[PDB]
Structure formats: structure tokens, C-alpha cells
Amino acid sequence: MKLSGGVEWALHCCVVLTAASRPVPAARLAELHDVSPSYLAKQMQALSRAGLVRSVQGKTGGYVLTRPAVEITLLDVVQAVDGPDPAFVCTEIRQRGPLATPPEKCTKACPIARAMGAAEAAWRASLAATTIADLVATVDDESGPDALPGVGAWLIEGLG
């Protein structure tokens, strides 16, 4: 199964933005992670279209989270970058060939499609149960309480 390569970068960007007390340009986030500015901007633009970040305009501008970290799930961020479409796409092959499912018996989804859907629901539910706030609390505990504030200070420095 393939997942958008943007997900790692986008989740890291959401975590460090919680520590920024002012808007952070995409270029500064890109410098932090030593990644293509253009590539990271595309991920921030996907987060913007999903209403998770807002681009504040001006030379004092850059990205901010649109709501508290506790209200942003990992599923919110992953679906922003990877998309909401199901991984398993049923193309109704049960309706093909000489012993095709009777048309009146196609009101329920294929049992195979339903089983694949249940697995995707388990993946989504796992991501929905964790927030950016949860990731921050883990980083505080594992890296220490000054790790993310240090990143935050670095991200906003030179602006004020």
C-alpha cells in the first residue's frame, strides 16, 4: 500500500507550529527540516485547503494552525495530504461475466469490499484517536520540556 510521501513532513510541521507564538514562513519550516522549500510549501498548501493552517499575509506573515492542537487529529493531517479516497477501490467485478450478481442483489456492497472497508476504518480510527497535542506531550516527555520551545524560538527568530 502506498501513502503520500508528504505525510512525515506535514505531521512534523504541525507539531513544531504548536511551539511557534507567531506565523512561520514555509521557507523557515523547510530550513528546519533541511527539505525543498517548494516541496514543503505544497504540503502546507494541502494543510491550508483542509482548513488546518492559515497563511497570514505580509512580511510578518507565514503559517499558523487554525485551531488548538488538541482539536487536530492525525487523521485530519494525513487525509489533508494523502486524500480522503479509500485505498481499496471496488470496481464492482461481481457484476461482470455470465454468473454476475443479480441486479436486485447489488443494493448491499460486495462482502469483499465491506471487509476491505472495515480494515480502512480501523486505520482511520487509529489516526483519529491521536491529536497533535498528544504528539507534543510525548515529545516533551522524550526530548525534554525545552526541546519544542527551542524549535519554536528558532522558527520565529529574526521576526521579533
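Residue indices: 1-based, along the sequence shown.
Higher mean CA B-factor, judged across 31 to 39 and 94 to 102 from the recorded values: 31 to 39.
Between the stretches 111 to 119 and 56 to 64, it is 56 to 64 that shows the larger average CA temperature factor.
Going by the entry's values, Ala26 shows the largest Cα B-factor out of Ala26, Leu47, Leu127, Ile132. Looking at the C-alpha B-factors along this chain, the one for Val7 belongs to the lowest third. Ranked by C-alpha B-factor against the other modelled residues of its chain, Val16 falls in the lowest third.
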